[PDB]
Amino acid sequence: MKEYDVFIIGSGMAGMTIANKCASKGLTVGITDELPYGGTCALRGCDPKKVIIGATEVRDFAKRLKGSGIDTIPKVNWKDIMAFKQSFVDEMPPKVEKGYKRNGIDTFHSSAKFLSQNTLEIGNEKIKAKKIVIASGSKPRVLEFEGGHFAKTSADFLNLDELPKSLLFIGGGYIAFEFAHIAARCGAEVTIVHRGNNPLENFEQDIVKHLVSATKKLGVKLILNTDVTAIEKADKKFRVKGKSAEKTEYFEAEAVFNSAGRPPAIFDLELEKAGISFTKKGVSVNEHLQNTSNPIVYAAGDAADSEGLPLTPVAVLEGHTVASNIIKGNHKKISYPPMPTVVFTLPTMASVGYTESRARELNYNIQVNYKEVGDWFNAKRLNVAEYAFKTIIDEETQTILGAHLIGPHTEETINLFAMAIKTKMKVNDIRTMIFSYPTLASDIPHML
């Protein structure tokens, strides 16, 4: 058969990071992906989404200054932005292929299961390897209710030839809200059906409520405390059944979307046939991101049950660590800096570090600064109605435990709270800092 130094399942951010890193320290590298090389982020995730959001920002901005110095609000041309998006998606796989060829990396284009501890079924073949890496990331949750198969994926949303006239999103996290915001701004009826009491349960609700507000003003119907129990095909539309505490509601839309959590993409690998430990949260890893059982097996990114948030940069960070323990031997212990996250709605919400309740749960002595500040210059000049913050400061050290933002540019500003946390910067050293002005960053000293 073929022996390999490293064999990697999936050429995503974690797969690319290890493949490139190991191949340039001389090792023989075999990588396989069932889909074109790139990963969820580059082809069907963050990048394509952010491109699309581009044109909506133009529309949103023109709308905000209407009759305040702008007369015509542009309508988004759905056709042209998909093509623009596509030029980014189409270029990335050949770009990762070009690099794999220039690095002595064997490209395989087939799915992968374990046959044994150190062997894999790649199409027909039977590739053994010295160290094997699981970097499969996560997949859409299979909806286990009558009609579940009618619910299109996130990938399908980003590949729409035409924008449907109405869209329902089954979910209550970041994807449901980002895709609702895009759909509505491009001129469709949108509904969001979420099973929980609170949308974006993970985020500080004193921030989330302002996003719910903006989301209603946009013409997006938020349905809470509802389990979808069916999807039926009524002509070329869909009739969605939802059950709440007593009553039953039906909802019609030209397209229904699966916006649920994403389980780790590890359940079809025949893990058990290789003695590899796993949970419902993904591949079980130790402090070296080495499997807790089979020590030839490493995992990184969404496919690993780590303390890492399911974020592109985390997948890279975990990538550098796995590749290091492979190339040199188990020396490096994974260390997480702050993990800032963004919901790419307009207005954006951003969060880094602990929530109020999380910091109390950990018995930290805290100070809380929450403030709605829509009347601050930065919100008023851009005519953005929702601007609010919540900062969590440790009373003992006078450092930041966490920051939670909604308003203009929070996706950027959240990174200054990230750096303040990582550098253990005292609250008074941020207050007396000089920022460029007028800028959103320059409001940070007023948030403390």
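Note that residue numbering follows the sequence shown and begins at 1.
Of the two segments examined, 309-317 and 326-334, it is 326-334 that shows the higher average Cα temperature factor in the deposited entry. For the pair 423-431 and 18-26, the mean Cα B-factor is higher in 18-26.
You'll see in the entry that, of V133, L211, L158, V342, the Cα B factor peaks at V133. Residue set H181, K216, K152, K113: peak C-alpha B-factor at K113 (per PDB entry). Among the modelled residues of the chain, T399 sits in the middle third by CA temperature factor in this PDB entry. The PDB entry assigns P408 a C-alpha temperature factor belonging to the lowest third of its chain's modelled residues. The PDB entry assigns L269 a C-alpha temperature factor belonging to the highest third of its chain's modelled residues. Split the chain's modelled residues into thirds by C-alpha temperature factor. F84 is in the middle one. The PDB entry assigns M447 a C-alpha temperature factor belonging to the middle third of its chain's modelled residues.
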